[PDB]
Amino acid sequence: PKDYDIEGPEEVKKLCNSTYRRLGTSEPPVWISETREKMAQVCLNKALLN
Amino acid sequence: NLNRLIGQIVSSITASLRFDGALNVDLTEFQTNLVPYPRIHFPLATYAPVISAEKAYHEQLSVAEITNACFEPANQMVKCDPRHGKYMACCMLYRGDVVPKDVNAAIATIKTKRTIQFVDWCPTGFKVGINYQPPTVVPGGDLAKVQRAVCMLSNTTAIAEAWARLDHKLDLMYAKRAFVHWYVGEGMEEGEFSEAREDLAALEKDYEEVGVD
Amino acid sequence: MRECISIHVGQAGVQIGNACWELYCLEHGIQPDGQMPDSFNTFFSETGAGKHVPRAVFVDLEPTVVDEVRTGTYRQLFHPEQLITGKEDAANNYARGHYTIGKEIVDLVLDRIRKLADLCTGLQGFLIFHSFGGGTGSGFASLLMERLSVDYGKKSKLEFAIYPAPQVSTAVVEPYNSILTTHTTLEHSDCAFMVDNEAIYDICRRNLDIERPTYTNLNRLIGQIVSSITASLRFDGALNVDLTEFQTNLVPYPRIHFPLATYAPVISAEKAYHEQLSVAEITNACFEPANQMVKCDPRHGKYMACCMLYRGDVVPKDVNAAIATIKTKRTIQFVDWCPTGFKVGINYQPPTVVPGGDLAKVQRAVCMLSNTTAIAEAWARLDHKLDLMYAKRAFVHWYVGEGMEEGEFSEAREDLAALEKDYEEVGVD
Amino acid sequence: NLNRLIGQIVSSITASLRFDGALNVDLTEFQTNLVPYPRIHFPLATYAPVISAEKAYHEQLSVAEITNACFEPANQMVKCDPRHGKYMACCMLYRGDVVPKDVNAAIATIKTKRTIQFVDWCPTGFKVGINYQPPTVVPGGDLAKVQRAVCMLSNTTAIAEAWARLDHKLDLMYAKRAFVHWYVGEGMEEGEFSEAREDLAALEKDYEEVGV
Amino acid sequence: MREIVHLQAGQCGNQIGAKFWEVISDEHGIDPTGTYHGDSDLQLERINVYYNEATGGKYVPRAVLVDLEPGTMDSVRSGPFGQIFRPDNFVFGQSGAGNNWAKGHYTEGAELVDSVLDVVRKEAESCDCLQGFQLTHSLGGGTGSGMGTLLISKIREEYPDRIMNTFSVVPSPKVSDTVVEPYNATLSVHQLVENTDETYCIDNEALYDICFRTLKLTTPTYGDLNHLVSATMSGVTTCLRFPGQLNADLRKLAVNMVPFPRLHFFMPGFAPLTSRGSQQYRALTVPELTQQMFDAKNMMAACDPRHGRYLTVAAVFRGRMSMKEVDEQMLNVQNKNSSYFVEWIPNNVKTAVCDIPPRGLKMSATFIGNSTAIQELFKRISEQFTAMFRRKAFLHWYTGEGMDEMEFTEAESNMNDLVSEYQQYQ
Amino acid sequence: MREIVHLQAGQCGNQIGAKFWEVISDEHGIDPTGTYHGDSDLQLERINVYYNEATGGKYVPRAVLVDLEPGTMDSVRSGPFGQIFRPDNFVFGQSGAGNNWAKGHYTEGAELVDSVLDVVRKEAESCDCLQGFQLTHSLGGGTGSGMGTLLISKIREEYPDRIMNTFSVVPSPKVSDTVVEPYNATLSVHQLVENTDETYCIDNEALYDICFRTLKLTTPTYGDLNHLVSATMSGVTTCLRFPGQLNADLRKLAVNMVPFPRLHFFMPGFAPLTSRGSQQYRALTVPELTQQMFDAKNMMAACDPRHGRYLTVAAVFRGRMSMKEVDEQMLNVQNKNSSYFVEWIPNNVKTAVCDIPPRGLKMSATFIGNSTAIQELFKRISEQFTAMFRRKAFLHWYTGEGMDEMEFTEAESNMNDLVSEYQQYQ
Ligand SMILES: Nc1nc2c(ncn2[C@@H]2O[C@H](COP(=O)(O)OP(=O)(O)OP(=O)(O)O)[C@@H](O)[C@H]2O)c(=O)[nH]1
Ligand SMILES: Nc1nc2c(ncn2[C@@H]2O[C@H](COP(=O)(O)OP(=O)(O)O)[C@@H](O)[C@H]2O)c(=O)[nH]1
Ligand SMILES: Nc1nc2c(ncn2[C@@H]2O[C@H](COP(=O)(O)OP(=O)(O)O)[C@@H](O)[C@H]2O)c(=O)[nH]1
Ligand SMILES: [Mg+2]
């Protein structure tokens, strides 16, 4: 799943560019540190005769 | 997750100042009951009913079952075995649904052990503190809601092994003058390492001389 | 901002620069008029109406070759005053063009070169095209070297020279003109790329499939190599080299400046498109005895410094993988005090095609300049032929009549005996 | 500026003789309080309270910290490590408005610590002296106005390693008789340096003998 | 919060840091025109470390670009991120160096430093609090080797207590791109050892083998190698920019790596490096970063660490990950193969954890390693230098610029002292 | 109300004053027919500083354009803004001065000064409370220098209490475009020290260096320099026309910057000068302005402040700013560099802030500075004058008008005592 092919059929080739613009595609959905995630857990949470 | 247990033992130390109990314990009490000399002020901390939220209710968590868990070497919160040395002073701070008679029976059960040894010059050995307030659970935590707990503050001469290892570590590092040039170069002279090694050797052989029978 | 000033001296200089400037107009957008319907500032000046004037001077003493170009297709391309002619040629005589004919021309040529150099922002160096066996390129160019060294000094002076061929030759007194030319090129030229006409005959017969080539078929190859040398001056690349770059990467000592030029893909349109040729093909082709363009074998000598210039679709990983085969090969020997060996330069632009030419359009190429010990054999042969002539004093009265002394040949033989001793002592352990 | 504080130290030496005080020190008094042997007389001077002209309006230094400032290794005017030698005889020359009790309290706190090592044969160790005059302020001087200054002079075993390198420095130049021809050229025996080397080796032996 | 200056010298400096600023602007959410389009508030907060805020909400990098030739300036302006740089930080010469350390250090590299110094001083007087300097260059050239070393010396003269870093491109073992490369590598290393606090040796063939072995690319570009280099360059400034459970800046890493003042030559490495077609099948777990971060072929210097001994080790971790299996793996890698670790220091590994991964990865780990196997580089360099020096090869191009042979001898003797000192711990 | 009567002299004076009136009518919002087409209310409150009130919302400027030839103000009249000028203010002459101080002062300028003085009296009686005058001219010219010096010497006598400024164009250091201009400048600045209480020196090569290096203009015309001249010319009277937290009139800048009655030669500068390609990259803060006010490249006179000592420095600020970041910056300059400031005046900097910026700019600031480094201009003019007066290179064009040699001798003497007085306070 490349983002730049330098062996392709195109003619003008730029050598300073990167084949992959980032390494991997496994990014987490939302960025949050351990401390703010684990300190936000405090915001998460008859007889017949009386 | 470690800080949760640290906060639990710290709250159990200061619980007696805020909640009513059968035996109130002040903060100035620990220094008068845990150190025999000013040169020895390194006790250990232990929380006994450290148990998960799913298997805390298949176990009978009485006072006898929870007191003898503090003396087990695997339940301690400092990686040193108490069988290396002998106990000098112990401070137990109970909590929750606890009667004093079962505390007395459980503490008297420890004294019959021969695998747990006290020093000769401390024939009494124990300090008892009882508070009514049970340990409060936190949302999304790890510990369960238990009806009683105890925290141990025990001063022992078995911590001299840790000082021996730390001093051997410094001697293995300082013998060929590693990292010293970024200590002396910022407001220090060379002789402070020898002073600290001096005082630490004094501490080690103070520890060896205290545990003499 | 990256300009260099090309100087063409003699019939060989003009007839090489014609092909060179055809290539320069073709691979830029410049028509033979000069209109275009770091790229072009280096070799072409700008006139505000949109015209482009090349930074070149064409010098010759007979008027035929240079006055032909004023009546040709490229008549409007060159500046009228930048083509310098004379009345009398040097007549294959170094003494005439160095003393009695070159005396009254150099005050105009230096004036034109200074007028060219005052329109430049940052000058990179000079390219001088001439021939050793002539009288113009041997005498007048040689005097021009010191005459411009005096007032320019530390700027680069690259030399492109037609060395005399070993077997074939077009004159009788060419040992004389080849021998006393080197009195001044040794202390004034920074580096001297040598090409042999016999070897380009052999290449045009062998690599490209033509027999009976003309001079233009040789000047086309020479212009391709010349443009490959200065390709990094004009076009962007991953590893740019300069005119001053191979003056510090090819000469270990100031008296030995004679590398060998080699262009790897020399192939026709009939033969190019039936095979692949990417990196290892052309790099292995550069280091072969057959494709060498001076009739001396590097297997005789020791390689001292090789400068490999790559052009076109080229990835540096394949460049390293191709240099692996060269370094591992035992038939290619380097001198013991150069464990490094190579200098590399990679350019984006592929070589351009020439309608009316003979080389095919290929995506990529490599040109090599390698300084080797093996040119000392050519020096020994040429000095042999000189002292074969000089003992009988053949063809000497013309030199002594045109303002020379008889002892100037003695100095030249002494200097090149010292140069041969230098070439011997460099290649010893 | 190098010499002015040395002048202040020598003025504190004669401070007990020009005015009154509580414990006066005679010139012949410390002539026996410091030198313990007929050979070992090289005491080390120390002037603890010295601050610039800008750092006086904020803090005033009391006895219990100035006395501790007398015994810290970055004060004494010979670059030898004082922890390498046990102390043998000390004299503290207190000046200015000093009550006498906090001096004995400071003495006790100096006694109980382990950094300041003493010899076994000197359980007394210290000699104190209190005057009633502070140091004067000089025109253009760098020193500040201190109400309670202390001049400290004390013998030390650690001075043995000071000239122990001076002996090796003489050794390195006596191996091939360097510079001796401007010495023996002016009427000196070429062997005279040997009968100072044996004397210095004797001095080192006596310093080692009072080390154990 | 404390802000870091970037220096670029020559073709290596300009290209490598162009890719560096591209990936930093990617990670901090900055577009090619310089405007913030990111979403997370953590992306913008510590942007003062590398960027200066302009009017209108756009950010300019804190970089200075130098070279003796004007071609690479227009080459780096025409790139995808060429418009992000300030035009007044382009400080260029009119004529080049031509692979000459002498004219890059004394003749032509001297009269232009009087403007790079002005640019650096001008930017650093607006500096709120200066932590240190970064510099990427090459030791095989005339610009990065000469002018870079001159810049390091003239900055160490002016700012003494700030941390100086250097991401240098050491010459390759097999392919030498320049015949006169040992004449520049020697005289640049001799100036590096008295003027730098941290220096990372990055080879080119090591990068080729890393890219072919891990990324499975048969023909990478130069931009890929610069991406791999700058991934480590960004991997050491994570704790200065993002929150973490165990922070470590460059000064703290320098304290826990160098035991002696003249020991600051490291070999870096990146842990997560797998092909696209084998990265959805692989579970990126904490042991799997340690298992290949400490592999002998995951080094960007061409020296095998199994032939030497590890003096100190630095491991900077990025992403959401527990602190038990970090320390457990760092202990396990020491307890098993203890023959490759010196025994006169008990702990060799320094552990830092940051809580934000690079873009595209879930967790990551950057490696800095101090080894006594780095003497295999300078032994080869000194061997080539002494083979080329007893014949005065190419020496007249050096002595004619204002030099002498004694400088060459005193540089070779300094590097020989370096290689003699390194062998004492193995 | 404090209103200013503007004066002109010569071709330089008319060409500078045209662009000055253009930019001040832009600032006050006056269309070229004379009426008011502005959007705010503060642009009409104090418009009587520079404008009179004609019939029907039309404003005429308070200027008089003076020349000895009519060919220069015809180009002013047929210009873009040439129609707002009242035609009775145009006073021209038949024959020009011919680049002759003698002709422009003694023969041709004295036959025209009665008409110009009549126009000045015509103009100054409309003042309810006149503050002072203002003149723009050049010293290398004939009618500029001579006519302006005669006008200044004549209107100082009859209006003794008022404040008179001069934005003179002092001659060239490098390449002079008048051969005789040593003589004219020597006879002119000997006039200027005795009558003007405020004088600004404008150097055309300083402007050239600014528009090349800073503004990045390839081919600047004289309008592109007159814009720069009038930017700092209109920034002086900004507190007379707009409110501010801290005001500065002409008298406030004359008292605080002239310690002795001869040292009143200042060198102006304008702070926010950005190129069009670099404007977006630069933030606009008070440190960014005060870095460039004090820079040597921004100076509009060709004397370097590193060759002398700043006697007193003024700084007038325009825009909505905080008095922090101007007060701490005026402290920071005095504390940072101190060898360039005279020690016998502790507080050397005058500060004023007006809250209405120039049009199109968020923030701006102008510099006005008294430095004893200005003596190298006077020394250069004195040596170029005595290299010509020693053997009388052009004296016949001046002696035929009734001038003697002792006029030149005493002009040289008054140059030498001025140079000595600048030296004795350094
Ligand atoms: N390859 C190549 N060689 C040439 C060309 N023209 C001339 N030569 C070489 O030049 C030699 C002949 O001498 P020239 O250089 O022409 O002498 P010249 O420049 O005319 O000077 P004069 O003879 O004095 O007029 C031949 O041996 C050729 O090798 C050319 O167009 N191509
Ligand atoms: N990995 C990598 N190497 C580079 C890059 N640019 C240049 N080089 C290397 O740098 C060396 C040449 O540097 P050089 O041109 O002499 O730098 P200079 O000092 O500015 O002339 C060559 O060996 C290249 O392999 C790059 O972007 N990435
Ligand atoms: N800086 C600057 N100088 C100018 C301008 N216009 C004219 N000059 C200068 O004015 C001088 C000549 O003025 P001149 O015509 O002789 O004045 P006049 O004859 O007295 O009216 C020359 O030195 C020019 O440099 C301008 O717009 N800007
Ligand atoms: Mg001919």
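We read in the header that electron microscopy, 3.6 Å was used to get this structure.
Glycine is treated like the rest: Cβ placed from N, Cα and C.
Taken verbatim from Swiss-Prot:
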MOTIF     F:1-4  motif 'MREI motif'
BINDING   F:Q11, F:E69, F:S138, F:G142, F:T143, F:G144, F:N204, F:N226  GTP binding site
MOD_RES   F:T55  phosphothreonine
MOD_RES   F:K58  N6-acetyllysine
BINDING   F:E69  Mg(2+) binding site
MOD_RES   F:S172  phosphoserine
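Positions of Swiss-Prot features highlighted on the structure.
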| residue | record | Cβ within 10 Å |
| --- | --- | --- |
| F:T55 | phosphothreonine | 5 |
| F:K58 | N6-acetyllysine | 15 |
| F:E69 | GTP binding site | 18 |
| F:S138 | GTP binding site | 29 |
| F:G142 | GTP binding site | 27 |
| F:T143 | GTP binding site | 33 |
| F:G144 | GTP binding site | 32 |
| F:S172 | phosphoserine | 17 |
| F:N204 | GTP binding site | 23 |
| F:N226 | GTP binding site | 22 |
Key: Annotated recorded positions F:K58, F:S138, F:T143, filtered by Cβ under 6 Å to ligand 3   = F:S138, F:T143
Note = For F:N204 (GTP binding site), the closest of the modified residues by C-alpha position, picking from F:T55, F:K58, F:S172, is F:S172
Task = Can you tell me which of F:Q11, F:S138, F:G142, F:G144, F:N226, our binding-site residues, come within under 6 Å of ligand 4 at the Cβ?
result = none
Request  = Using DSSP, break the motif 'MREI motif' (F:1-4) down into helix, strand and coil residues and give each count.
outcome  = 0 helix, 2 strand, 2 coil
Note = recorded positions F:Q11, F:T55, F:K58, F:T143, F:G144, F:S172: those with Cβ under 6 Å from an atom of ligand 1 are none
Inquiry  = I'd like to confirm something. Which of the modified residues, F:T55, F:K58, F:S172, has a Cα closest to the Cα of F:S138 (GTP binding site)?
reply    = F:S172
Note = Expressed in Å to no decimal places, the gap between the Cα atoms of F:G142 (GTP binding site) and the residue listed as 'phosphoserine' is 16
Query = What number of additional C-beta atoms lies within 10 angstroms of the C-beta atom of F:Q11 (GTP binding site)?
reply = 23
Ask   = At the level of the C-alpha atoms, what whole-angstrom distance separates the residue listed as 'phosphothreonine' and F:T143 (GTP binding site)?
value = 35
Remark   = Per DSSP (helix/strand/coil reduction), F:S138 (GTP binding site) sits in strand
Query = Which whole-number value in Å describes the distance between the Cα atoms of F:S172 (phosphoserine) and F:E69 (GTP binding site)?
reply = 24
Request  = Would you kindly give the Cα-Cα distance separating F:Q11 (GTP binding site) and the residue listed as 'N6-acetyllysine', rounded to the nearest Å?
outcome  = 27
Inquiry  = Need the DSSP three-state call for the residue listed as 'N6-acetyllysine' to compare against my parser.
reply    = strand
Inquiry  = Short of 8 angstroms on C-beta distance to chain A, which of the listed recorded positions (F:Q11, F:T55, F:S138, F:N204) are there?
reply    = none
